[PDB]
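Peer 1: Have a look at this one before I ask anything.
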Amino acid sequence: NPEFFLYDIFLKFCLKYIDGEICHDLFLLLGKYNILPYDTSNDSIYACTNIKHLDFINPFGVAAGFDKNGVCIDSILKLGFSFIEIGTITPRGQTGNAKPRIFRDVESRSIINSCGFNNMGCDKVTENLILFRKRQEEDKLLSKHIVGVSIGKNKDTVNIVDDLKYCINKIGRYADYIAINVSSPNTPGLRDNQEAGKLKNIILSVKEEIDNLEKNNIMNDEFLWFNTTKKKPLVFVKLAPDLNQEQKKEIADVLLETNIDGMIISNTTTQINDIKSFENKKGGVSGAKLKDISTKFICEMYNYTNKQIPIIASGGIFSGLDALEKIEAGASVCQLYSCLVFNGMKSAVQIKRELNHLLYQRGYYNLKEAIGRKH
Ligand SMILES: Cc1cc2nc3c(=O)[nH]c(=O)nc-3n(C[C@H](O)[C@H](O)[C@H](O)COP(=O)(O)O)c2cc1C
Ligand SMILES: Cc1c(Cc2ccc(C(F)(F)F)cc2F)c[nH]c1C(=O)NC1CC1
Ligand SMILES: O=C(O)c1cc(=O)[nH]c(=O)[nH]1
């Protein structure tokens, strides 16, 4: 497309000269005024996938932390993605850590960030999602796109459960699934909630609050769940890769005891010490160097959960083959972040063709029969 052409020239200018967070907020602004390209094509019926009743028109979505406040959900989705995870959000708005907090190394296609959950807060983001849901009713191109909401806690909050429950009562009606963020490295002590006993109490409290949404309601299903599924939101949990194997196995059992709807693998890592551009900086590392660690973590959890917990893959997915390794290792869907940063408007259209081609040469009849094949 001609529209894809000029955006790649702008993109190459931005990654060379412009501050990373400025670039990001510029992307978001172009999305806010709806001047990004559209992918209007029908997605291959053979690359469609699902997690329980969530029907993804294609296997690629945008990961959390891209549209933290839900200011341009439509525009990002219309680039060719099947779903987006907005957030992570907190009950109260907060500025996050001191800038600059985002750095890119183009050479290794890697990002490091210490944002610290900068977001406008649950109430404002809830308004934003409601406006999207009203536009979704009236827009032909949005009718099957899924929107999940990643939720966390404010910096100074001590009871994470109090924060999670607040967000659910606010925004749960408008969400297709809820992602519990216990894996951010940039909010002190958050990843300590991954410990098995703590995680279990969190999951059950979240599920309890989602069930109580529908229990003082007087209106029909259609008018309570103002989302895409027309159902209560599923519950996923997003894990960090920096865990040991007995932590992984005890988490794995909590996810089955809780009957959690899915698992997002993985968040950023702190164990990448080999990028010179980054050797003084704070935060969690995204991108290509995170790929091999994520796929490994997927295989381990698919195994330790006896493949009863669907997986959403996150970590260094840039190519159709990258996606296929996530799928063969056990994932049903794939989330993109770094790919967008470094490849631009084209990421969805391109990666969908690559995996479409790759699924045929491998001899898979459709995507779903590739899930967990490495095992
Ligand atoms: C700037 C930035 C902000 C992020 N914010 C969030 C967030 O708010 N919540 C979350 O769960 N993950 C967040 N992430 C992690 C990504 O969603 C994703 O899991 C990670 O970047 C790995 O994907 P990738 O290698 O394809 O980039 C953020 C990542 C970056 C780089
Ligand atoms: C580079 C990038 C993009 C793509 C992008 C941005 C601007 C423009 C244009 F110049 F056209 F405005 C075109 C584009 F393709 C989204 N986000 C980021 C980013 O750096 N995010 C920070 C690292 C975490
Ligand atoms: O907002 C952040 O700082 C953040 C959250 C998260 O979950 N992962 C990440 O890398 N950064």
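In the structure tokens, chains take letters A, B, ... by order of appearance, with residues numbered from 1 within each chain and ligands from 1 in the order shown.
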Using only C-alpha atoms, which protein or nucleic acid residues come within 12 Å of residue A:40? Drop anything in the same chain fewer than 4 positions from it, and give the result as a list in words.

Peer 2: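 Non-adjacent residues within range: residues 77, 78, 79, 80, 81, 140, 141, 142, 348 and 349 of chain A.
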
Peer 1: Step by step, measure atom-to-atom distances between ligand 1 and each residue using only C-alpha atoms and all ligand atoms, keep those at most 7 Å, then write them as number ranges by chain.

Peer 2: A: 63-66, 68, 87-88, 102, 111-113, 115, 117, 150, 181, 183-184, 238, 266-268, 286-288, 290-291, 314-317, 335-339

Peer 1: For residue A:21, work out the shell of residues within 9 Å, counting only C-alpha atoms and skipping chain neighbours fewer than 2 positions away, then give it as a ChimeraX atom specification.

Peer 2: /A:18-19,23-26,99-103

Peer 1: Could you turn the residues from that selection into a file that holds N, CA, C and O atoms, as a tab-separated table (two decimals), in the first residue's frame?

Peer 2:
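Saved to part_8.tsv:
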chain	number	residue	atom	x	y	z
A	18	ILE	N	14.46	10.33	17.60
A	18	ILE	CA	13.42	10.78	18.52
A	18	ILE	C	13.41	9.91	19.77
A	18	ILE	O	13.65	8.70	19.71
A	19	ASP	N	13.13	10.54	20.91
A	19	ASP	CA	12.98	9.80	22.16
A	19	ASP	C	11.92	8.72	22.01
A	19	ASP	O	10.88	8.93	21.38
A	23	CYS	N	8.09	8.95	20.49
A	23	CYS	CA	7.65	8.16	19.34
A	23	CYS	C	6.34	7.44	19.65
A	23	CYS	O	5.40	7.45	18.85
A	24	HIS	N	6.29	6.79	20.81
A	24	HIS	CA	5.11	6.02	21.18
A	24	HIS	C	3.87	6.91	21.26
A	24	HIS	O	2.82	6.59	20.69
A	25	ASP	N	3.98	8.02	21.98
A	25	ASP	CA	2.85	8.93	22.12
A	25	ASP	C	2.47	9.58	20.79
A	25	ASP	O	1.32	10.00	20.63
A	26	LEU	N	3.41	9.67	19.85
A	26	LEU	CA	3.07	10.14	18.51
A	26	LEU	C	2.24	9.11	17.76
A	26	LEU	O	1.21	9.44	17.17
A	99	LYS	N	11.11	10.03	33.84
A	99	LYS	CA	11.59	9.94	32.47
A	99	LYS	C	13.05	10.40	32.40
A	99	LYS	O	13.51	11.16	33.25
A	100	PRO	N	13.80	9.94	31.39
A	100	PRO	CA	13.42	8.96	30.36
A	100	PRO	C	13.40	7.54	30.92
A	100	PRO	O	14.27	7.17	31.70
A	101	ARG	N	12.40	6.76	30.51
A	101	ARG	CA	12.21	5.42	31.02
A	101	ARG	C	12.03	4.39	29.91
A	101	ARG	O	11.69	3.24	30.20
A	102	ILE	N	12.23	4.78	28.65
A	102	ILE	CA	12.11	3.87	27.52
A	102	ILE	C	13.30	4.07	26.61
A	102	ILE	O	13.59	5.20	26.19
A	103	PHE	N	13.98	2.97	26.27
A	103	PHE	CA	15.14	3.00	25.40
A	103	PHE	C	15.08	1.83	24.45
A	103	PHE	O	14.67	0.72	24.83

Peer 1: Using only C-alpha atoms and all ligand atoms, can you tell me which of A:146, A:164, A:285, A:76 comes closest to ligand 3?

Peer 2: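 Nearest to ligand 3: A:285.
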
Peer 1: Give me, please, the distance in Å between atom CA of residue A:284 and atom CA of residue A:245, quoted to one decimal.

Peer 2: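 We find that atom CA of residue A:284 and atom CA of residue A:245 lie 20.4 Å from each other.
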
Peer 1: As a PDB file with C-alpha atoms, in the first residue's frame, please: the residues near stretch 122-134 of chain A (cut-off 7 Å, only C-alpha atoms, same-chain neighbours under 6 positions excluded).

Peer 2:
ATOM      1  CA  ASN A  69      -5.253   4.114  28.533  1.00  0.00           C
ATOM      2  CA  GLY A  70      -7.330   2.850  25.597  1.00  0.00           C
ATOM      3  CA  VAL A  71      -7.106   6.090  23.635  1.00  0.00           C
ATOM      4  CA  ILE A  89      -4.362   0.105  34.568  1.00  0.00           C
ATOM      5  CA  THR A  90      -4.567   0.993  38.255  1.00  0.00           C
ATOM      6  CA  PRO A  91      -7.542   2.283  40.273  1.00  0.00           C
ATOM      7  CA  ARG A  92      -6.033   5.775  40.528  1.00  0.00           C
ATOM      8  CA  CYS A 167     -10.916  -2.183  38.575  1.00  0.00           C
ATOM      9  CA  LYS A 170     -15.471  -0.497  37.149  1.00  0.00           C
ATOM     10  CA  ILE A 171     -14.484  -1.984  33.794  1.00  0.00           C
ATOM     11  CA  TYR A 174     -16.799  -3.879  29.108  1.00  0.00           C
ATOM     12  CA  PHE A 226     -21.270  -4.527  26.836  1.00  0.00           C
ATOM     13  CA  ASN A 227     -18.338  -6.340  25.242  1.00  0.00           C
TER      14      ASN A 227
END

Peer 1: Could you please extract the residues within 6 Å of ligand 2, counting only C-alpha atoms and all ligand atoms, and hand them back as number ranges by chain?

Peer 2: A: 7, 10-11, 14-15, 20-21, 23-24, 26-27, 102, 104, 340-342, 344-345

Peer 1: List every residue of stretch 195-369 of chain A that DSSP, applied to the backbone of this structure, places in helix (DSSP H, G or I), and write the result as a PyMOL selection string.

Peer 2: chain A and resi 196-213+221-224+245-257+276-278+288-304+320-329+338-361+368-369

Peer 1: As an MDAnalysis selection string, please: the residues near stretch 191-193 of chain A (cut-off 12 Å, only C-alpha atoms, same-chain neighbours under 5 positions excluded).

Peer 2: chainID A and resid 152:153 158:161 180:186 198:203 237:243 247 251 267:270

Peer 1: Which of stretch 110-355 of chain A end up as strand (DSSP E) when DSSP is run on this backbone - answer as a ChimeraX atom specification?

Peer 2: /A:110-113,119-121,146-151,177-181,234-239,262-265,284-287,311-314,333-336

Peer 1: For residue A:313, find every residue with an atom within 10 Å (counting only C-alpha atoms), except residues of its own chain fewer than 4 positions away, and show them as an MDAnalysis selection string.

Peer 2: chainID A and resid 60:61 63 238 263:267 294:295 297:298 317 323 326:327 329:336

Peer 1: Using N, CA and C atoms, can you write the selected residues to a file as a short mmCIF file (atom, residue, chain, number, x, y, z; two decimals), in the first residue's frame?

Peer 2:
data_model
loop_
_atom_site.label_atom_id
_atom_site.label_comp_id
_atom_site.auth_asym_id
_atom_site.auth_seq_id
_atom_site.Cartn_x
_atom_site.Cartn_y
_atom_site.Cartn_z
N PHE A 60 -3.02 -12.96 16.07
CA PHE A 60 -2.09 -11.91 16.46
C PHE A 60 -2.84 -10.76 17.11
N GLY A 61 -2.44 -10.42 18.33
CA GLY A 61 -2.94 -9.26 19.03
C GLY A 61 -1.80 -8.36 19.48
N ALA A 63 0.02 -6.49 22.70
CA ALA A 63 0.21 -6.81 24.10
C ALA A 63 -0.09 -5.61 24.99
N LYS A 238 -0.69 -13.08 33.81
CA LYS A 238 0.54 -12.84 33.06
C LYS A 238 1.72 -13.05 34.00
N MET A 263 -3.21 -18.37 30.47
CA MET A 263 -1.96 -17.84 31.00
C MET A 263 -1.22 -17.09 29.91
N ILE A 264 -0.73 -15.89 30.24
CA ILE A 264 0.05 -15.08 29.32
C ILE A 264 1.53 -15.26 29.67
N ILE A 265 2.32 -15.70 28.69
CA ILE A 265 3.74 -16.01 28.87
C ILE A 265 4.46 -15.38 27.68
N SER A 266 5.24 -14.31 27.90
CA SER A 266 5.69 -13.85 29.21
C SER A 266 5.78 -12.32 29.28
N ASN A 267 6.05 -11.79 30.48
CA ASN A 267 6.36 -10.37 30.64
C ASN A 267 7.85 -10.14 30.39
N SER A 294 11.20 -16.97 26.35
CA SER A 294 9.74 -17.08 26.42
C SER A 294 9.27 -18.43 25.93
N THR A 295 9.70 -18.83 24.73
CA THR A 295 9.29 -20.12 24.18
C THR A 295 9.58 -21.25 25.17
N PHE A 297 9.80 -21.01 28.44
CA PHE A 297 8.83 -20.88 29.53
C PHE A 297 7.46 -21.38 29.13
N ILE A 298 7.08 -21.21 27.86
CA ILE A 298 5.81 -21.76 27.39
C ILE A 298 5.84 -23.28 27.46
N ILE A 317 8.25 -11.86 19.31
CA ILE A 317 7.60 -12.37 18.11
C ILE A 317 7.67 -11.28 17.05
N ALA A 323 6.18 -16.86 15.46
CA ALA A 323 4.84 -17.20 15.92
C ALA A 323 4.63 -18.70 15.93
N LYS A 326 6.07 -20.40 18.93
CA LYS A 326 5.22 -20.19 20.10
C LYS A 326 4.01 -21.12 20.07
N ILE A 327 3.43 -21.32 18.88
CA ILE A 327 2.25 -22.17 18.77
C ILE A 327 2.63 -23.63 18.99
N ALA A 329 5.03 -24.80 20.59
CA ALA A 329 5.41 -24.98 21.98
C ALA A 329 4.21 -24.99 22.92
N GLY A 330 3.04 -24.54 22.47
CA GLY A 330 1.83 -24.69 23.26
C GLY A 330 0.84 -23.54 23.26
N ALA A 331 1.19 -22.42 22.62
CA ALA A 331 0.33 -21.25 22.68
C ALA A 331 -0.78 -21.31 21.64
N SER A 332 -1.92 -20.71 21.98
CA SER A 332 -3.05 -20.60 21.07
C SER A 332 -3.04 -19.28 20.30
N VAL A 333 -2.59 -18.20 20.94
CA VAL A 333 -2.55 -16.88 20.32
C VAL A 333 -1.19 -16.25 20.58
N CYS A 334 -0.92 -15.15 19.88
CA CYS A 334 0.34 -14.44 19.97
C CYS A 334 0.09 -12.95 20.16
N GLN A 335 0.88 -12.33 21.03
CA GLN A 335 0.82 -10.90 21.28
C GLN A 335 2.08 -10.23 20.76
N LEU A 336 1.91 -9.07 20.13
CA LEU A 336 3.01 -8.31 19.57
C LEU A 336 3.21 -7.03 20.36
#

Peer 1: Determine, counting only C-alpha atoms, which protein, DNA and RNA residues have an atom within 10 Å of an atom of residue A:259; residues of the same chain fewer than 5 positions away are not included. Present the result as a list in words.

Peer 2: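 So the residues in contact are residues 203, 204, 235, 253, 254, 308 and 309 of chain A.
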
Peer 1: Pick from A:67, A:3, A:369, A:8: nearest to ligand 3, with only C-alpha atoms and all ligand atoms counted?

Peer 2: A:67

Peer 1: Could you tell me which of A:121, A:372, A:37, A:310 comes closest to residue A:52 if we count only C-alpha atoms?

Peer 2: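 Residue with the minimum atom-to-atom distance to residue A:52: A:310.
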
Peer 1: What is the atom CA of residue A:148-atom CA of residue A:62 distance in Å, reported with one decimal?

Peer 2: 10.1 Å

Peer 1: So, with only C-alpha atoms as the atoms that count, which of A:57, A:364, A:75, A:43 lies closest to residue A:29?

Peer 2: A:75
